[PDB]
Every structure is written in structure tokens, then in C-alpha cells.
Amino acid sequence: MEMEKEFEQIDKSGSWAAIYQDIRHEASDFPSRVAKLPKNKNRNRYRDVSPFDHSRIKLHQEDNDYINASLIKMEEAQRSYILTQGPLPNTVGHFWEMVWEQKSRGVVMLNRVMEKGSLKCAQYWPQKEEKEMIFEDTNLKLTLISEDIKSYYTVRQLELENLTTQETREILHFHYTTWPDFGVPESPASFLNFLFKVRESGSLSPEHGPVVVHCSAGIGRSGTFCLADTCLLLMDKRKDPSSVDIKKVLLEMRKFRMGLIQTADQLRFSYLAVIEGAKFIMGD
Ligand SMILES: OC1CN(C(c2ccccc2)c2ccccc2)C1
């Protein structure tokens, strides 16, 4: 069923809450035993948001391999994403270790450091060229190379250096800065523009490791980003795009991380983003 028609039918009936609860009820439940070990309590931002054991990212160290991060592998779309929480003061070194070990090219950030008067994630990247950051626990150095500030997003060039081998890589930081403190954006235009900028960079492409995507918990805004990307890509892949079922794509992604899309308003916004994905694509 063509999604703009499914969309108008749900809107006219005001049944967003009922669709959303059906998804919550059918979503996968897998064990998260490593996340709940007492040694890992200070590595988790939220007690109710954990990575599944089967899909968790492992740090390449013998001490403690744990980070709150999941590999989302979309087989038909041929895309992979790592979804993670906003780093904590004690996990900033783990975060950059993961970026290094997984060979990621891009980091996508969908939150501000402070929202609603509280801290949503650590200041994990340098704000001035001449004041670099050293992570002594993981032996990495991070330098700001350049910054491009636009109305709805900022793009940064960073240099990550493995101090053990003296190898360096360029990491692109894509920071969406205008998601509102409450609710979802009124138009998906600036979000879609942002997604197209990440794609243009090469960050989502198979010649690199998976993109790292985060918000505060790494399930809501982060879920919307990967759901919209996978949906529009599948429209160019299939002989009939009308066959792309956003609810079925979301349940597939929820096999790899719990809780993706946190509200009925985010579900509606993700439908809207994929639907309004038409404009600045096929037709006009
Ligand atoms: O290269 C441009 C992307 N356009 C496709 C497209 C359509 C919807 C969403 C993503 C992409 C397309 C056009 C006409 C027939 C079937 C698909 C053509």
C-alpha cells in the first residue's frame, strides 16, 4: 500500500499511537547480559537502553570490551550503521577507540551537548585548532582541522591519531544542531538536506567501516536517521518502490538494537521524511 495513502489514512483516523504500540508489541527481545554486568554500570547512560549481546560492538582490549553500541546490518539495502549513546565523561576514550577499530569515516551527532538545561553528552571533540585532546586510557589524539557552520548543521574535519603506531585518519563530524528540545521538526526538509550531505561525503559507502550515529540514548533521533536512509535507498534498489513497508523495515532494524523510534511523533516524522523524500528526488 503506497505510503502517502497509508499516511493520510492514519492521520485522518488519528491512529499514530495505536500503530506505534503495535510495533512496540511485535519488536524483538534478545538478551543484553554483558550490558547489565555490575563492572559496566558507569558505561551506560540510561538503565533501560542496552545493546543486545548478539549485535554489540566489542572494543579490541582484554581488560573490558564493553561499549553501549550496536551494529545494524541491513542485508537487502547493503548498508551498515553503528548506533551508540552520547559518550559519558568516562567513555570518551572508548568512543574514539571504537571509531578507530571499526574504520569509520563519519560520526553523525543529532543532539546538542546541553538540552532542556541538562547535559545530554560529553564535550567529546576539540573546539579550537590549537587545543587538541589526548585520551590516555586508549592512547589516541584528536585535533580539530576545520569547521563549517551552517544554519541547520555544522561539518567538522578531525584528525584521529593512533599514538601507538603514529597512523592518522581524517574523520568527518556531521552535527545536526536544530532538532527542537520538545517534539519533532515541523518540516523534514532540513533533516533530509543533512542526510544528503552525509551521503555525499562518502561516510555511508561500503569502502569505509560503518558510520557511527548518536543522540543522547542512541535510539530515537538516531533511529529516524537510519530508518529514513534505508527506506529511500531501497526505492532505487527494487523494481516496485511501492513495496517498501516502513513498519517492516523498522521491525528488521529492531532485531539489532532495542527501542528505535521512541514516540508516535517520531514514527509520524519518519513516515513524513521518507514521503517528503519524493521532493528533491523523482517527479519534481
Ligand atoms: O536517480 C534519480 C533518483 N530517482 C529514483 C528515486 C525515486 C524515489 C526515491 C529515491 C530515488 C527514481 C526515479 C524514477 C523511477 C524510479 C526511481 C531517479
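Index from 1, following the sequence. Both ligands and their constituent atoms are indexed starting at 1 by order of listing. Side chains included, hydrogens not; waters and symmetry mates left out as well; all remaining heavy atoms used.
- For atom 2 (C) of ligand 1, no protein heavy-atom neighbour is found at a distance under 4.0 Å.
- Distance remark: protein heavy atom present below 4.0 angstrom from atom 10 (C) of ligand 1.
- For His214 and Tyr124, the gap between ring centers is short of 6.0 Å.
- No side-chain N or O of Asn111 forms a donor-acceptor pair with one of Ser216 less than 3.5 Å apart.
- Between the side chains of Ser104 and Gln102, no donor N or O sits under 3.5 Å from an acceptor N or O.
- With ligand atoms numbered from 1 in the order given, ligand 1 contributes 3 (C), 4 (N), 5 (C), 6 (C), 10 (C), 11 (C), 12 (C), 17 (C) to contacts under 4.0 Å with heavy atoms of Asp236.
- Interface of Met282 with ligand 1, defined as ligand atoms under 4.0 Å from a residue heavy atom, comprises 7 (C), 8 (C), 13 (C).
- Distance check on atom 16 (C) of ligand 1: every protein heavy atom falls at or beyond the 4.0 Å cut-off.
- Counting only N and O atoms by type, the side chains of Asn139 and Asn162 include no donor and acceptor under 3.5 Å apart.
- Side chains of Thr263 and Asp265: no donor on one and acceptor on the other come within 3.5 Å.
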